[PDB]
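Down below is the structure, laid out as structure tokens.
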Amino acid sequence: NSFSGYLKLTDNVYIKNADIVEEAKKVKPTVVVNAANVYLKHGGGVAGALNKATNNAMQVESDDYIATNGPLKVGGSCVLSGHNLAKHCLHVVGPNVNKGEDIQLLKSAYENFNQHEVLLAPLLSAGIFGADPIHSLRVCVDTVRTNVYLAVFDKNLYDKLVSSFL
Ligand SMILES: CCNc1nc2ccc(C3=C(C(=O)O)CCC3)cc2s1
């Protein structure tokens with residue numbers, strides 16, 4: 001958990017303009033969060049990037065988890081290996097509001113972070129899930145009580161988030 005270059009937004013939420021794969025490789029945190037779907041198919045966005053950085057080891061492990069346990073629920077999570085990126089990966093399913101999943105479930109999704117004292121994470125339901133990223137940061141601040149280090153790849157989005165918050 002050798003985090004550096006973060007800006008503290010609240011007592012427990014930190015933010016950085018960084019690629020989450022590069023942060024994970026540098027810091028080797030105890031927990032990296034994946035923005036997953038219910039079948040843990042890591043095809044694009046942050047999930048595709050983390051899986052590619054494990055050279056598809058995350059996808060083979062995820063398929064075995066699904067074969068034995070079934071899919072996750074929207075707002076749910078599971079803990080799997082973090083491979084070369086972290087001790088553990090917490091796979092969390094935010095709602096896909098573009099497909100009619102309820103935005104109320106974004107609070108349930110962020111509640112999974114509270115089971116871990118320190119996490120490196122992306123914003124949930126941003127990107128192809130369709131939630132407004134600034135609303136997702138507000139839900140993170142209002143819900144997460146443990147220490148979360150958020151990595152935002154896009155500089156234009158990062159500047160917008162820091163301006164709306166601090
Ligand atoms: C080059 C490998 N690293 C990465 N590939 C991506 C792809 C998408 C993203 C996304 C967001 C983010 O900053 O969390 C919000 C919307 C999609 C981030 C990354 S880091």
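Every chain in the structure tokens has a letter given in the order shown (A, B, ...), and although residue numbers restart at 1 in each chain, ligands are simply numbered from 1 in the order shown.
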
Could you go through stretch 4-157 of chain A and tell me which residues DSSP, when run on the backbone, assigns to helix (DSSP H, G or I), listing them as number ranges by chain?
A: 20-27, 45-53, 57-69, 97-99, 105-115, 127-129, 133-143, 155-157

With C-alpha atoms retained, export the selected residues as a short mmCIF file (atom, residue, chain, number, x, y, z; two decimals), in the first residue's frame.
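Full text of selection_30.cif as output:
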data_model
loop_
_atom_site.label_atom_id
_atom_site.label_comp_id
_atom_site.auth_asym_id
_atom_site.auth_seq_id
_atom_site.Cartn_x
_atom_site.Cartn_y
_atom_site.Cartn_z
CA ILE A 20 -5.10 1.84 -12.12
CA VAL A 21 -2.95 -0.96 -13.74
CA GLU A 22 0.21 1.11 -13.27
CA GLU A 23 -0.79 2.03 -9.69
CA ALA A 24 -1.37 -1.64 -8.88
CA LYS A 25 2.04 -2.67 -10.35
CA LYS A 26 3.85 0.06 -8.34
CA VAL A 27 2.00 -0.22 -5.02
CA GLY A 45 -12.96 -0.78 -19.61
CA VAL A 46 -11.18 -1.22 -16.27
CA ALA A 47 -12.03 -4.96 -16.13
CA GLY A 48 -10.42 -5.62 -19.52
CA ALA A 49 -7.33 -3.62 -18.51
CA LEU A 50 -6.82 -5.42 -15.17
CA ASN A 51 -7.41 -8.84 -16.81
CA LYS A 52 -4.93 -8.06 -19.65
CA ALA A 53 -2.30 -7.01 -17.06
CA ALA A 57 -5.09 -15.37 -15.39
CA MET A 58 -7.94 -13.30 -13.83
CA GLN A 59 -10.41 -14.45 -16.53
CA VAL A 60 -9.54 -18.19 -16.14
CA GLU A 61 -9.96 -17.88 -12.33
CA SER A 62 -13.24 -15.90 -12.76
CA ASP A 63 -14.74 -18.55 -15.07
CA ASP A 64 -14.01 -21.22 -12.40
CA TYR A 65 -15.63 -19.06 -9.71
CA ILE A 66 -18.79 -18.73 -11.87
CA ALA A 67 -18.87 -22.45 -12.69
CA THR A 68 -18.87 -23.27 -8.94
CA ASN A 69 -20.83 -20.35 -7.42
CA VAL A 97 -28.07 2.24 -15.66
CA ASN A 98 -28.03 2.29 -19.49
CA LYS A 99 -29.80 -1.15 -19.26
CA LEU A 105 -27.75 -0.11 -6.32
CA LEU A 106 -24.62 2.08 -6.68
CA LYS A 107 -24.79 2.63 -2.85
CA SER A 108 -24.99 -1.22 -2.36
CA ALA A 109 -22.03 -1.68 -4.69
CA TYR A 110 -19.79 0.80 -2.76
CA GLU A 111 -20.86 -0.81 0.59
CA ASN A 112 -18.69 -3.83 -0.40
CA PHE A 113 -15.60 -1.63 0.00
CA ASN A 114 -16.24 -1.41 3.77
CA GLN A 115 -15.09 -5.01 4.29
CA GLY A 127 -17.68 4.30 -18.54
CA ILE A 128 -19.98 1.82 -20.29
CA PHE A 129 -22.27 1.38 -17.25
CA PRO A 133 -18.83 9.88 -12.77
CA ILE A 134 -19.30 12.93 -10.48
CA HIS A 135 -22.48 11.36 -9.03
CA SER A 136 -20.52 8.06 -8.55
CA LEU A 137 -17.80 9.96 -6.58
CA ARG A 138 -20.52 11.54 -4.37
CA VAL A 139 -21.98 8.06 -3.61
CA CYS A 140 -18.47 6.77 -2.84
CA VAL A 141 -17.86 9.68 -0.38
CA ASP A 142 -21.33 9.23 1.26
CA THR A 143 -20.97 5.36 1.56
CA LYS A 155 -7.14 13.99 -16.96
CA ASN A 156 -10.21 16.00 -18.11
CA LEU A 157 -12.47 13.88 -15.89
#

Which of chain A counts as strand (DSSP E or B) under DSSP, as number ranges by chain please?
A: 7-8, 13-17, 31-35, 77-81, 88-92, 118-121, 147-152

Go through A:5, A:44, A:29, A:100 and flag the residue nearest ligand 1, using only C-alpha atoms and all ligand atoms for the distances.
A:44

Report, in Å to a single decimal, how far apart atom CA of residue A:125 and atom CA of residue A:43 are.
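About the pair atom CA of residue A:43 and atom CA of residue A:125: they are 14.9 Å apart.
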
When you draw a straight line from atom CA of residue A:1 to atom CA of residue A:150, how long is it in Å?
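Answer for the atom CA of residue A:1 to atom CA of residue A:150 separation: 12.9 Å.
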
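Among the candidates A:28, A:42, A:8, A:116, the one nearest to ligand 1 when counting only C-alpha atoms and all ligand atoms is A:42.
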